[PDB]
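Residue 5 is where the sequence shown starts when you use my numbering, and the numbers rise one by one after that. What follows is a single structure, written as structure tokens, with notes after it.
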Amino acid sequence: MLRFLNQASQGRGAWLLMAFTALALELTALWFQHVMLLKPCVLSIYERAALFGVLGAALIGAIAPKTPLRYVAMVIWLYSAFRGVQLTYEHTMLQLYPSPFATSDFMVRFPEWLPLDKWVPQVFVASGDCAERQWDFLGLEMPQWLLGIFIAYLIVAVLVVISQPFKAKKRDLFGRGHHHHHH
Ligand SMILES: COC1=C(OC)C(=O)C(C/C=C(\C)CCC=C(C)C)=C(C)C1=O
């Protein structure tokens with residue numbers, strides 16, 4: 005069973021399938037705002053960057069997931085594993101445990117050395133308050149659910165990376181043809 009997982013993963017079709025998934029989610033939402041005139045927040049962008057970044061990594065790793073490239077693409081996959089998950093909880097703690105508007109919060113201050121936000125404010129500029137609820141499933145906010153899918157992706161890499169057959173293979177199964185004339 006596991007042996008196949010490494011096979012289905014080493015397949016491009018599968019890789020392309022993972023891309024469409026994150027896309028079907030990023031797009032489906034990009035329409036909800038254009039329909040319900042929703043107002044994105046600072047945190048929302050952070051979440052979008054976490055996945056948006058991974059999405060790319062999936063397209064880069066799918067270039068040769070059979071070569072050392074693994075650790076090369078896993079650089080972004082893992083980075084989001086500990087940091088993405090370690091930061092998500094913090095965001096959930098606030099929502100589940102708010103607090104006076106003392107911390108003070110407003111427009112996000114983009115960096116002056118990373119033209120990634122400044123040169124691209126179209127998908128970085130924040131507008132509204134963070135932690136607000138725009139829509140939920142089964143009574144849960146998107147941020148929470150997305151976290152559910154967020155960990156799944158992180159686990160897929162950890163397993164797809166360790167899949168390394170190491171060196172203790174098996175060559176082939178025992179008893180292939182044996183006694184069977186007419187080849
Ligand atoms: C204000 O409206 C919203 C947006 O403006 C279009 C967003 O961009 C995003 C970010 C979208 C993400 C993280 C993926 C969507 C899928 C899930 C399961 C969250 C969210 C959450 C949102 O609420």
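We treat Cβ as the ideally placed atom computed from N, Cα and C, and that holds for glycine.
From the options, residue whose alpha carbon lies closest to that of residue i
| i | options | result |
| --- | --- | --- |
| residue 111 | 168, 128, 79, 102 | 128 |
| residue 71 | 103, 114, 168, 177 | 168 |
| residue 50 | 150, 12, 101 | 150 |
| residue 105 | 20, 182, 118, 133 | 133 |
| residue 43 | 131, 54, 159 | 131 |
| residue 7 | 182, 166, 184 | 166 |
| residue 34 | 99, 52, 17 | 52 |
| residue 81 | 68, 124, 186, 162 | 162 |
Euclidean distance between Cα positions of residue i and residue j
| i | j | result |
| --- | --- | --- |
| residue 179 | residue 88 | 48 Å |
| residue 39 | residue 32 | 11 Å |
| residue 177 | residue 155 | 35 Å |
| residue 164 | residue 25 | 18 Å |
| residue 95 | residue 41 | 23 Å |
| residue 61 | residue 160 | 13 Å |
| residue 100 | residue 118 | 32 Å |
| residue 140 | residue 74 | 35 Å |
Limits of the unbroken alpha helix (DSSP H) element including residue i
| i | result |
| --- | --- |
| residue 13 | 6 to 13 |
| residue 36 | 16 to 40 |
| residue 54 | 46 to 65 |
| residue 81 | 73 to 83 |
| residue 118 | It is not in any alpha helix (DSSP H) - residue 118 carries neither H nor E in the DSSP assignment. |
| residue 89 | 89 to 100 |
Nonlocal neighbours in the same chain, by C-beta distance under 6 Å from residue i, ignoring five residues either side
| i | result |
| --- | --- |
| residue 79 | none |
| residue 153 | none |
One or two residues paired with residue i in a DSSP bridge
| i | result |
| --- | --- |
| residue 140 | 145 |
Same chain only: Cβ atoms within 7 Å of residue i, ignoring 5 sequence neighbours per side
| i | result |
| --- | --- |
| residue 64 | 77 |
Any C-beta of chain D under 9 Å from that of residue i
| i | result |
| --- | --- |
| residue 105 | Absence of chain D from the displayed structure is noted, only one protein chain being present. |
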